[PDB]
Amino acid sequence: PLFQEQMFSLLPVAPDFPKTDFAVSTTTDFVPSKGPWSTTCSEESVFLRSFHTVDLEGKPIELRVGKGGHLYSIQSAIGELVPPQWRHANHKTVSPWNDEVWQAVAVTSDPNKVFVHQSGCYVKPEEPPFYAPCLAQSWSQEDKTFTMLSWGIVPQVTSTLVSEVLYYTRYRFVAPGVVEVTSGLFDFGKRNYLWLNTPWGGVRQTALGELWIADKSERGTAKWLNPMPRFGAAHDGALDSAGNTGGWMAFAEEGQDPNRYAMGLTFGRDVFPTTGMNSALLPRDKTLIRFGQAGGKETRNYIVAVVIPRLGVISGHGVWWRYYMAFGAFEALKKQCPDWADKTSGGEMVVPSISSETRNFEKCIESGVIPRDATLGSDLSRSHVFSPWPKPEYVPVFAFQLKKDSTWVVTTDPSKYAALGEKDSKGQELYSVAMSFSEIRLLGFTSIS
């Protein structure tokens, strides 16, 4: 009870805004999203919980957060705003709500270039999709705040790396049509993940076909990117630094109605305080924003959007990034995005030095969190003490149900139990958490030495 929420004491305190009067309901009972979709995979496999709220005009809108914490569905007044997850001919792998969705990404290159998603895996057409399971979640109706924890997932079913990134996600409905997303990225491994996406995403093109970038010197205005960029051209007109903008971007309907539907995404003007901050968690120049059309309009249906911040994660450390999303009429979205852009900042997820609640392996069994037949992973013992947040040099204590024999094991070494025994064509060890674990549970953190 108190242990479970102390897991979320790692993310920064939510900024204290004066509350507004509007309704928001939440459900974890799956009903099919209408969203016209291009994948036949079961949305129930990725659905975790929905949010029925309103937009800037008081009109209904539904947000569906995936099992890992990613935003994969927006049902607005004009329709779905997340790309339909389209497969190009015989791509031989399908991307079911694990790529073209609003999610956090951590990219490492220490052993090899291995991505880590908040959502899930690319799978074969006949393969059952896999998604990062929700390790812990919490809802507060009075604060309209959803706080959850998940384990990062390498998007390849089999890879050379087991993801060493935990994702702290929070959704705060702060205004009619303004959602606050605070992403927490913690690296509990020994290598680093310097490249981050806070967030990776984009919108469905047939819904919002206009690409707008806020003007640098006129508050509340944006420039229409009429040379409709293409993601991949990169610096060739499909990239801008945060300091060269007004701190936000907009995806508006194709038309001249000033009150057509639009979606706002803030990223700040790169004025967030950097002195007074660990330097290795600022590996890059400044915040980058890449955008543009990908694939065909009526097929891929994806105007890309990604905020690559100046932040990165290293071993035993964690950073955070708080941004905002707006939904509603373009005119009203343009006048309120500036204030939320000035609130977009970030820093390090500092470990709280205050005391915490503690759990044992035996204490997890008596609480029913893990079954009585569970064993320890030979790296643990009864004297080990589980903690809600990663103190310096702490590693997550996992509870795995292996697909090999349905047995339960509690360990902090997921690299041992998902090892496939196969070899990379070069000569590296292959792993797969999707083909090894039936259930993934997090008991907390502890030190091994």
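The first residue of the sequence shown is number 1, and the count goes up from there.
Legend entry - Of 190-198 and 271-279, the stretch whose C-alpha atoms average the higher B-factor in the entry: Between 271-279 and 190-198, it is 271-279 that shows the higher mean C-alpha B-factor.
Inset, instruction - With reference to the PDB entry, specify whether the mean Cα temperature factor is higher for 151-159 or for 74-82. - result: Comparing 151-159 with 74-82, the higher mean C-alpha B-factor belongs to 151-159.
Legend entry - Selection by C-alpha B-factor (highest) of 47, 408, 51, 37: Largest recorded C-alpha B-factor: 408.
Inset, instruction - Report the option among 137, 182, 93, 103 whose CA atom has the maximum B-factor in the deposited record. - result: The listed residue with the largest C-alpha B-factor is 93.
Inset, instruction - Using the B-factors in the PDB entry, rank residue 210's C-alpha atom against the chain and give the third, lowest, middle or highest. - result: Middle third - that is where residue 210 ends up once the chain's C-alpha B-factors are sorted.
Inset, instruction - Select lowest, middle or highest to describe the third in which the CA B-factor of residue 261 falls within its chain in this entry. - result: Middle third by C-alpha B-factor.
Legend entry - B-factor third for the C-alpha atom of residue 308 within its chain: Tercile = lowest for this residue's CA B-factor.
Legend entry - For residue 69, the third of its chain into which the C-alpha B factor falls: Bottom third by C-alpha B-factor.
Legend entry - Chain thirds of CA B-factor: placement of residue 164: According to the entry, residue 164 has a C-alpha B-factor in the chain's middle third.
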